[PDB]
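> One structure, pasted below without further comment.
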Amino acid sequence: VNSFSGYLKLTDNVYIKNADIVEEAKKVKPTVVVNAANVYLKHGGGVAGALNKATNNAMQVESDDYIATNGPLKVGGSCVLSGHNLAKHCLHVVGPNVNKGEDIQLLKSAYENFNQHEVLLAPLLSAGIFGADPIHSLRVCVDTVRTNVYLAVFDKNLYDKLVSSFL
Ligand SMILES: OC[C@@H](Nc1ncnc2[nH]ccc12)[C@H](O)c1ccc(Cl)cc1
């Protein structure tokens, strides 16, 4: 039993809710919140820009030190950093950004990072400004993630299409 509330159950382990991931993380304070990161951990917009704003830019400061030490992530890769005031940890996951020409096949590799954590609050990878079809992203999530994932979908219109079209 966990404190996630108001989710629709899609499968044994995947759940979905129309919610602002920023407001969700603040309420739940989950062990792990997933960020829709880029390889440079430049949290300028989309989910990443919103999560970083909620940390008063502390996420960006920590991320800049991480990159200065370690260099960029791989597309499909991840790193674990602090969750600041939002969660215990933030799993920064890089899904392919279609608006950069990155291979959508790397979306499965991106979701595999979730399997290293028993429970996560997360967005759909490569959705929003990363340009992929959120329906496809949900399919890859369900077919790849085996741990317990709570998906927050900001857009109410998009949520209904994902539920109604889910196989
Ligand atoms: O796939 C993640 C979505 N974005 C967010 N998801 C959850 N919580 C969030 N908080 C701030 C942004 C955000 C994506 O960017 C998106 C945005 C608009 C539309 Cl129409 C469709 C898809």
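Scheme for the structure tokens: letters A, B, ... for chains in order shown; per-chain residue numbers from 1; ligand numbers from 1 in order shown.
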What residues of the protein or nucleic acid chains come within 6 Å of ligand 1 when you use only C-alpha atoms and all ligand atoms? Reply as a VMD selection string.

chain A and resid 20 to 22 46 to 47 50 123 to 125 127 to 129 152 to 155

> Using only C-alpha atoms, which residues sit within 9 Å of residue A:146 once same-chain residues fewer than 6 positions away are excluded, as a VMD selection string?

chain A and resid 12 to 14 112 114 to 115 118

> Let me make sure I understand: among A:18, A:44, A:39, A:95, which one has the smallest atom-to-atom distance to residue A:74 if we use only C-alpha atoms?

A:39

> Taking only C-alpha atoms into account, name the residue in A:42, A:91, A:59, A:81 that is nearest to residue A:119.

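Distance minimum relative to residue A:119 lands on A:91.
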
> Which is closer to residue A:162 than all the others in A:61, A:10, A:1, A:75, using only C-alpha atoms?

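So, comparing all the options, the nearest one is A:10.
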
> Of the candidates A:165, A:55, A:31, A:78, which one gets nearest to residue A:148 if we count only C-alpha atoms?

A:31

> Select from chain A everything DSSP, run on the backbone, classes as strand (DSSP E or B), then give the selection as a PDB file with N, CA, C and O atoms, in the first residue's frame.


```pdb
ATOM      1  N   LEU A   8      -5.963   5.499 -12.358  1.00  0.00           N
ATOM      2  CA  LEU A   8      -6.574   4.382 -13.059  1.00  0.00           C
ATOM      3  C   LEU A   8      -5.513   3.302 -13.251  1.00  0.00           C
ATOM      4  O   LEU A   8      -4.368   3.600 -13.602  1.00  0.00           O
ATOM      5  N   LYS A   9      -5.897   2.047 -13.007  1.00  0.00           N
ATOM      6  CA  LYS A   9      -4.988   0.913 -13.121  1.00  0.00           C
ATOM      7  C   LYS A   9      -5.037   0.398 -14.553  1.00  0.00           C
ATOM      8  O   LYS A   9      -6.088  -0.060 -15.008  1.00  0.00           O
ATOM      9  N   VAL A  14       1.212  -0.638 -13.731  1.00  0.00           N
ATOM     10  CA  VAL A  14       1.154   0.703 -14.299  1.00  0.00           C
ATOM     11  C   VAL A  14      -0.184   1.341 -13.964  1.00  0.00           C
ATOM     12  O   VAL A  14      -1.250   0.726 -14.124  1.00  0.00           O
ATOM     13  N   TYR A  15      -0.108   2.593 -13.535  1.00  0.00           N
ATOM     14  CA  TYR A  15      -1.233   3.407 -13.104  1.00  0.00           C
ATOM     15  C   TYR A  15      -1.120   4.776 -13.764  1.00  0.00           C
ATOM     16  O   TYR A  15      -0.013   5.216 -14.084  1.00  0.00           O
ATOM     17  N   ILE A  16      -2.251   5.467 -13.961  1.00  0.00           N
ATOM     18  CA  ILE A  16      -2.252   6.729 -14.699  1.00  0.00           C
ATOM     19  C   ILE A  16      -3.262   7.708 -14.112  1.00  0.00           C
ATOM     20  O   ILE A  16      -4.320   7.310 -13.610  1.00  0.00           O
ATOM     21  N   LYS A  17      -2.923   9.000 -14.136  1.00  0.00           N
ATOM     22  CA  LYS A  17      -3.754  10.019 -13.505  1.00  0.00           C
ATOM     23  C   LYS A  17      -3.545  11.348 -14.218  1.00  0.00           C
ATOM     24  O   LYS A  17      -2.428  11.654 -14.636  1.00  0.00           O
ATOM     25  N   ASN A  18      -4.621  12.126 -14.375  1.00  0.00           N
ATOM     26  CA  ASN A  18      -4.502  13.494 -14.872  1.00  0.00           C
ATOM     27  C   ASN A  18      -4.028  14.360 -13.715  1.00  0.00           C
ATOM     28  O   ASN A  18      -4.784  14.616 -12.773  1.00  0.00           O
ATOM     29  N   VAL A  32      10.927   8.311  -5.562  1.00  0.00           N
ATOM     30  CA  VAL A  32      11.538   8.641  -6.845  1.00  0.00           C
ATOM     31  C   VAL A  32      10.536   9.402  -7.701  1.00  0.00           C
ATOM     32  O   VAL A  32       9.438   8.898  -7.975  1.00  0.00           O
ATOM     33  N   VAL A  33      10.920  10.599  -8.148  1.00  0.00           N
ATOM     34  CA  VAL A  33      10.244  11.287  -9.240  1.00  0.00           C
ATOM     35  C   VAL A  33      11.155  11.231 -10.458  1.00  0.00           C
ATOM     36  O   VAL A  33      12.367  11.465 -10.353  1.00  0.00           O
ATOM     37  N   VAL A  34      10.571  10.926 -11.616  1.00  0.00           N
ATOM     38  CA  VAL A  34      11.308  10.894 -12.870  1.00  0.00           C
ATOM     39  C   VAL A  34      11.230  12.254 -13.548  1.00  0.00           C
ATOM     40  O   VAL A  34      10.141  12.825 -13.694  1.00  0.00           O
ATOM     41  N   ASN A  35      12.389  12.757 -13.976  1.00  0.00           N
ATOM     42  CA  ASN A  35      12.467  13.936 -14.823  1.00  0.00           C
ATOM     43  C   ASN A  35      12.661  13.527 -16.274  1.00  0.00           C
ATOM     44  O   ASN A  35      13.416  12.599 -16.577  1.00  0.00           O
ATOM     45  N   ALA A  36      11.956  14.231 -17.165  1.00  0.00           N
ATOM     46  CA  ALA A  36      12.144  14.132 -18.612  1.00  0.00           C
ATOM     47  C   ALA A  36      13.337  15.005 -19.006  1.00  0.00           C
ATOM     48  O   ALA A  36      13.202  16.149 -19.445  1.00  0.00           O
ATOM     49  N   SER A  78      20.321   7.528 -17.877  1.00  0.00           N
ATOM     50  CA  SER A  78      19.763   8.168 -16.697  1.00  0.00           C
ATOM     51  C   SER A  78      20.848   8.409 -15.663  1.00  0.00           C
ATOM     52  O   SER A  78      21.934   7.823 -15.708  1.00  0.00           O
ATOM     53  N   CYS A  79      20.510   9.252 -14.693  1.00  0.00           N
ATOM     54  CA  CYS A  79      21.290   9.354 -13.469  1.00  0.00           C
ATOM     55  C   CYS A  79      20.344   9.653 -12.318  1.00  0.00           C
ATOM     56  O   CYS A  79      19.264  10.219 -12.514  1.00  0.00           O
ATOM     57  N   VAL A  80      20.755   9.262 -11.115  1.00  0.00           N
ATOM     58  CA  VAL A  80      20.010   9.530  -9.894  1.00  0.00           C
ATOM     59  C   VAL A  80      20.639  10.725  -9.196  1.00  0.00           C
ATOM     60  O   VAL A  80      21.833  10.708  -8.874  1.00  0.00           O
ATOM     61  N   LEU A  81      19.839  11.758  -8.956  1.00  0.00           N
ATOM     62  CA  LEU A  81      20.257  12.931  -8.206  1.00  0.00           C
ATOM     63  C   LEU A  81      19.241  13.185  -7.100  1.00  0.00           C
ATOM     64  O   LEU A  81      18.303  12.407  -6.900  1.00  0.00           O
ATOM     65  N   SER A  82      19.429  14.278  -6.366  1.00  0.00           N
ATOM     66  CA  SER A  82      18.501  14.598  -5.293  1.00  0.00           C
ATOM     67  C   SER A  82      17.107  14.910  -5.834  1.00  0.00           C
ATOM     68  O   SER A  82      16.944  15.462  -6.922  1.00  0.00           O
ATOM     69  N   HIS A  89      14.554  11.180  -4.252  1.00  0.00           N
ATOM     70  CA  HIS A  89      15.468  11.145  -5.376  1.00  0.00           C
ATOM     71  C   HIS A  89      14.750  11.602  -6.634  1.00  0.00           C
ATOM     72  O   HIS A  89      13.539  11.408  -6.780  1.00  0.00           O
ATOM     73  N   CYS A  90      15.520  12.157  -7.564  1.00  0.00           N
ATOM     74  CA  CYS A  90      15.063  12.391  -8.926  1.00  0.00           C
ATOM     75  C   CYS A  90      15.863  11.506  -9.871  1.00  0.00           C
ATOM     76  O   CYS A  90      17.100  11.585  -9.903  1.00  0.00           O
ATOM     77  N   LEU A  91      15.156  10.654 -10.612  1.00  0.00           N
ATOM     78  CA  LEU A  91      15.753   9.870 -11.686  1.00  0.00           C
ATOM     79  C   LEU A  91      15.613  10.678 -12.971  1.00  0.00           C
ATOM     80  O   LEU A  91      14.507  10.814 -13.514  1.00  0.00           O
ATOM     81  N   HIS A  92      16.728  11.248 -13.433  1.00  0.00           N
ATOM     82  CA  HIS A  92      16.756  12.009 -14.679  1.00  0.00           C
ATOM     83  C   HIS A  92      16.918  11.017 -15.816  1.00  0.00           C
ATOM     84  O   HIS A  92      17.954  10.352 -15.901  1.00  0.00           O
ATOM     85  N   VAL A  93      15.903  10.893 -16.672  1.00  0.00           N
ATOM     86  CA  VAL A  93      15.893   9.912 -17.757  1.00  0.00           C
ATOM     87  C   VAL A  93      15.812  10.658 -19.078  1.00  0.00           C
ATOM     88  O   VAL A  93      14.946  11.524 -19.252  1.00  0.00           O
ATOM     89  N   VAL A 119       9.241   1.689  -7.077  1.00  0.00           N
ATOM     90  CA  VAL A 119       8.069   2.543  -7.254  1.00  0.00           C
ATOM     91  C   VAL A 119       8.542   3.906  -7.747  1.00  0.00           C
ATOM     92  O   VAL A 119       9.503   4.466  -7.209  1.00  0.00           O
ATOM     93  N   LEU A 120       7.849   4.458  -8.751  1.00  0.00           N
ATOM     94  CA  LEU A 120       8.213   5.758  -9.311  1.00  0.00           C
ATOM     95  C   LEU A 120       6.969   6.549  -9.678  1.00  0.00           C
ATOM     96  O   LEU A 120       5.966   5.987 -10.123  1.00  0.00           O
ATOM     97  N   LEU A 121       7.062   7.867  -9.510  1.00  0.00           N
ATOM     98  CA  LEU A 121       6.159   8.842 -10.122  1.00  0.00           C
ATOM     99  C   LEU A 121       6.845   9.362 -11.379  1.00  0.00           C
ATOM    100  O   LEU A 121       7.997   9.795 -11.304  1.00  0.00           O
ATOM    101  N   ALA A 122       6.145   9.373 -12.516  1.00  0.00           N
ATOM    102  CA  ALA A 122       6.836   9.648 -13.769  1.00  0.00           C
ATOM    103  C   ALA A 122       5.907  10.286 -14.795  1.00  0.00           C
ATOM    104  O   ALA A 122       4.682  10.106 -14.739  1.00  0.00           O
ATOM    105  N   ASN A 148       6.595  -0.640 -10.221  1.00  0.00           N
ATOM    106  CA  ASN A 148       5.313   0.050 -10.066  1.00  0.00           C
ATOM    107  C   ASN A 148       5.466   1.510 -10.467  1.00  0.00           C
ATOM    108  O   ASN A 148       6.191   2.272  -9.814  1.00  0.00           O
ATOM    109  N   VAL A 149       4.789   1.904 -11.541  1.00  0.00           N
ATOM    110  CA  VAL A 149       4.928   3.241 -12.097  1.00  0.00           C
ATOM    111  C   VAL A 149       3.580   3.953 -12.085  1.00  0.00           C
ATOM    112  O   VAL A 149       2.558   3.405 -12.529  1.00  0.00           O
ATOM    113  N   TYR A 150       3.605   5.171 -11.542  1.00  0.00           N
ATOM    114  CA  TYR A 150       2.464   6.067 -11.441  1.00  0.00           C
ATOM    115  C   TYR A 150       2.705   7.209 -12.414  1.00  0.00           C
ATOM    116  O   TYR A 150       3.587   8.049 -12.195  1.00  0.00           O
ATOM    117  N   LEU A 151       1.952   7.209 -13.507  1.00  0.00           N
ATOM    118  CA  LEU A 151       2.127   8.172 -14.583  1.00  0.00           C
ATOM    119  C   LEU A 151       1.212   9.372 -14.388  1.00  0.00           C
ATOM    120  O   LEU A 151      -0.006   9.221 -14.234  1.00  0.00           O
ATOM    121  N   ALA A 152       1.821  10.552 -14.335  1.00  0.00           N
ATOM    122  CA  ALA A 152       1.112  11.817 -14.246  1.00  0.00           C
ATOM    123  C   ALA A 152       1.061  12.427 -15.635  1.00  0.00           C
ATOM    124  O   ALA A 152       2.103  12.603 -16.278  1.00  0.00           O
ATOM    125  N   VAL A 153      -0.148  12.738 -16.090  1.00  0.00           N
ATOM    126  CA  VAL A 153      -0.381  13.354 -17.387  1.00  0.00           C
ATOM    127  C   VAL A 153      -0.995  14.720 -17.132  1.00  0.00           C
ATOM    128  O   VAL A 153      -2.104  14.817 -16.590  1.00  0.00           O
TER     129      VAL A 153
END
```

> For residue A:30, which of A:117, A:88, A:156, A:136 is the closest residue, counting only C-alpha atoms?

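Of the candidates, the smallest distance to residue A:30 is held by A:88.
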
> Pick from A:134, A:76, A:41, A:144: nearest to residue A:158, with only C-alpha atoms counted?

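Looking at the shortest contact to residue A:158, the residue is A:134.
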
> Please give the complete set of residues from stretch 9-166 of chain A that DSSP, run on the backbone, assigns to alpha helix (DSSP H), formatted as an MDAnalysis selection string.

chainID A and resid 21:28 46:54 58:70 106:112 134:144 156:164
